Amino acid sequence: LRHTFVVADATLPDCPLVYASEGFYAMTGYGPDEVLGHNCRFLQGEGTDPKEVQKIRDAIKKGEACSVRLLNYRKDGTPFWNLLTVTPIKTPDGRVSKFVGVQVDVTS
């Protein structure tokens, strides 16, 4: 299947993105100059379910893995359905260093 991949830096408090695959930009229409160093939430919009967004917010705070189905928006405003799976990467001392996300456009 067609998927995308990003890396969030958990040492910084708001989990900014530090790496995105070629597909992530092409899927969403944002360039690296407007993605890197920002929280992934810029992809959200009016129809994003705040109950689902809360599920990721909690999991990141707890440091667990999570999977949600969010409504996102490209740079041109058009919506797409992003199945998102976040995964915590821990150092050997249990501390969370990075979060990693796989995004799949499941508008079908």
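From 1 onward, residues are counted along the sequence shown.
- The stretch 90 to 98 shows the higher mean C-alpha B-factor when 90 to 98 is compared against 16 to 24 in the entry.
- Averaged over CA atoms, B-factors in the entry run higher in 52 to 60 than in the other of 52 to 60 and 26 to 34.
- Per the deposited record, the Cα B-factor of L43 falls in the middle third when ranked against the other modelled residues of its chain.
- Sort the chain's modelled residues by C-alpha temperature factor and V104 lands in the lowest third, per the entry.
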